[PDB]
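We begin with a single chain expressed as structure tokens, specifically the form deposited in one PDB entry.
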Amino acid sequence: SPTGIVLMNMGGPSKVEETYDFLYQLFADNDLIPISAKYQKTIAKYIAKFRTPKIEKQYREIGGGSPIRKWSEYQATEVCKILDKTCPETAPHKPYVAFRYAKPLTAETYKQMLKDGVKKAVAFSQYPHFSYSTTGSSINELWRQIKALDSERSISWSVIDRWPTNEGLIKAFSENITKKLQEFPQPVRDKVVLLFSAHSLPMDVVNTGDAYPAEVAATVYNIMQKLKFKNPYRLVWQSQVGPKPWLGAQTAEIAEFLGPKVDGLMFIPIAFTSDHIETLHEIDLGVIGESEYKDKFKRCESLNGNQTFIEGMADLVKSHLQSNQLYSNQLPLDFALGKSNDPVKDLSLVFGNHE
């Protein structure tokens, strides 16, 4: 009986047409978005069609589609082959990806899992940095899908809610960064500023006591220790949108500011593990693309298929499996500080064997 290793993460439209459904899924979540209730399957779509055009154009601009799913199913498949020679008592490990908004959503995957006769499953969240708005929404969803497609639970779930300083992760980022630094002049290679750029969070989420901001920061300091603080660095945030206040030190804003007085700037996808709208469009076409400093701005390659990084994940899942912990010591606290309309009341009820 196969052990399910399910990679999770918010998701992105495989191909341009997928935008509508992707945007619909998004705009129908109270984990954050409305209030309402069925006066909002309505209001939801009144927002989806509105927004579809813009987004399709962005994806069209990046080859047409988010590479997330491609890369995810890949990472998931490699980490399972390794887990096969590595963790034999959990013998067959099958690759599964369950995205929060993109396809396959949690329910679709859950269905496929059961019809594959899955006993044990590991909700392996692809966000090394836990945020109730990311790794949290997947859990609150997983809960519902469990209750929906599997009451009297045939599946026993455990979850890897965070891995900010996993060795593979840190080594992978270094290397990729030195590798990218090397393609800089030299008489100025040590003066290139490393801008670690993570997706930002709204202040009324940060102030909530979210664990995201500080964890990202731990990863950053770890990579710098590895590189023996050779270059100047700084943790900045991107992707903020709307009128509300967002976690400060905006990537674009600081890029343009330093653009003149610096002779080198490197952006690093610190908070995500593959390319997606954020790197390909926001940074490559935005921050770098439209800047008059295009030349002294380069982006560190996303982890993607990086082997060292894959092995890191395998190491992770293996440690998680053999530790018998259903979730990190931090999750209960997160859930007590998080904010949702349909939360998880007891984490110990969601995860574990409930025969």
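Numbering starts at 1 and runs along the sequence shown. Between two forms, the rigid core is defined as the largest C-alpha subset superposing within 1.5 Å.
If you look for the form deposited in another entry, you will not find it shown, but the lines that follow are about it.
- Measuring CA movement between the shown form and the other one with the rigid core aligned, the set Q40, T308, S291, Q58 has one residue at 2 Å or more: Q40.
- Compared with the form shown here, the Cα atoms of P104 and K38 sit 3 Å or more farther apart in the other form.
- Between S151 and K38, the Cα spacing is larger in the other form than in the shown form, differing by no less than 3 Å.
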